[PDB]
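The structure appears below as structure tokens.
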Amino acid sequence: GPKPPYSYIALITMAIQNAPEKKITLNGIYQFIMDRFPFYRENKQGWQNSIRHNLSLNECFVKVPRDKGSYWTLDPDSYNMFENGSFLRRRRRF
DNA sequence: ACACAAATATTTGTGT
DNA sequence: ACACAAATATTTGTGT
Ligand SMILES: [Mg+2]
């Protein structure tokens, strides 16, 4: 149906915070979004590219090696970018 | 969006 | 059958 009101940055931040170890792979981010938001079960090419692009562009998502590919985590300075927990409004940079 | 490299995964080929 | 190497395919990550 309609696309949810959350930005790609909010979606990634939801997935990272939802992981028990606060670290998650890229496919884990795909699965999180598709499980909770049916709009993203279609045309995966497009938005999954936008997910990868948002992971590399924004400093707030830092890549970390494992112990498949790599774990994505939140910079602690940006862990609560969405202060009220609704993920509708994002705090701006210090 | 695009192109593209780098890193992994899968399929195919060869020898025994 | 197996082990293993080559070659391809796919995913992951980065740069305008
Ligand atoms: Mg980044």
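Just so it is clear, the values below take in all heavy atoms, side chains as well, and ignore hydrogens, waters and symmetry mates. Chain letters run A, B, ... following the sequence lines, proteins first and then strands; every chain starts at 1.
Nucleic acid contact class of A:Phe61 (heavy atoms, under 4.0 Å, all strands): none. Nucleic acid contact class of A:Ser50 (heavy atoms, under 4.0 Å, all strands): none.
A:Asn49 has its CG atom 14 Å from the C1' atom of C:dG15, to the nearest Å. The distance between atom CH2 of A:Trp47 and atom P of C:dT12, rounded to the nearest whole Å, is 11 Å. Atom pair A:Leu55:CG and C:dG15:P shows a separation of 13 Å (rounding to whole Å applied). A:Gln48 has its CD atom 13 Å from the P atom of C:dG13, to the nearest Å. In this structure, A:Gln45 atom CD and B:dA1 atom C1' are separated by 11 Å, rounded to whole Å. When rounded to the nearest whole Å, the span between CD of A:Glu59 and P of C:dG13 equals 16 Å.
In secondary-structure terms, DNA chain C builds stems of at least 3 consecutive Watson-Crick or G-U pairs, each pair having both distances under 3.5 Å, at B:1-10 with C:7-16, B:12-16 with C:1-5.
Glycosidic conformation at C:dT10 (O4'-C1'-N9-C4 for purines, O4'-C1'-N1-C2 for pyrimidines): anti, more than 90° from 0. Under the 90° criterion around 0 for the glycosidic angle, C:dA6 counts as syn.
In this structure, OG1 in A:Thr25 is found 13.0 Å from CZ in A:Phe32, a value given to the nearest 0.5 Å. Here the CD-CD1 distance, from A:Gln31 to A:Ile24, works out to 9.5 Å after rounding to the nearest 0.5 Å.
A distance below 6.0 Å separates the ring centres of A:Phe82 and A:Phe87. The distance between the ring centers of A:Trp47 and A:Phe37 does not fall below 6.0 angstrom.
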Starting from the C-alpha separation in whole Å, work towards a yes-or-no answer on side chain to side chain donor-acceptor pair (under 3.5 Å) for A:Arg93 and A:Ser78.
-> CA-CA 8 Å; A:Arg93 182 38 55 244; A:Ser78 316; 3.0 Å; yes
Worked verdict on A:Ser7 versus A:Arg90 for side-chain contact (heavy atoms from CB on, under 4.5 Å) = CA-CA 9 Å; A:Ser7 69; A:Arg90 186 213 173 164; over 6 Å; no
Base versus backbone protein contacts along nucleotides 4-11 of chain B [heavy-atom cut-off under 4.0 Å; B, S, -] = --------
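Side-chain contact between A:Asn80 and A:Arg91 is present, with at least one heavy-atom pair separated by less than 4.5 Å.
Between the side chain of A:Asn58 and the backbone N or O of A:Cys60 there is no donor-acceptor pair closer than 3.5 Å.
For A:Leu26 and A:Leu57, each mapped to the nucleotide of DNA chain C holding its nearest heavy atom, the one lying further toward the 5' end belongs to A:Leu26.
Put simply, A:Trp72 has no side-chain N or O that comes within less than 4.0 Å of OP1 or OP2 on C:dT12.
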Side chains of residues 13-22 of chain A: which donor-acceptor pairs under 3.5 Å do they make with residues two or more places apart or in other chains?
from, atom 1, to, atom 2, distance (Å)
A:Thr13, OG1, A:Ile9, O, 2.6
A:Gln17, NE2, A:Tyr79, O, 2.7
A:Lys22, NZ, A:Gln17, O, 3.3
A:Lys22, NZ, A:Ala19, O, 3.3

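For A:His53, taking side-chain heavy atoms from C-beta onward, the closest of the listed nucleotides C:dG13, C:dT12, C:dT16 is C:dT16.
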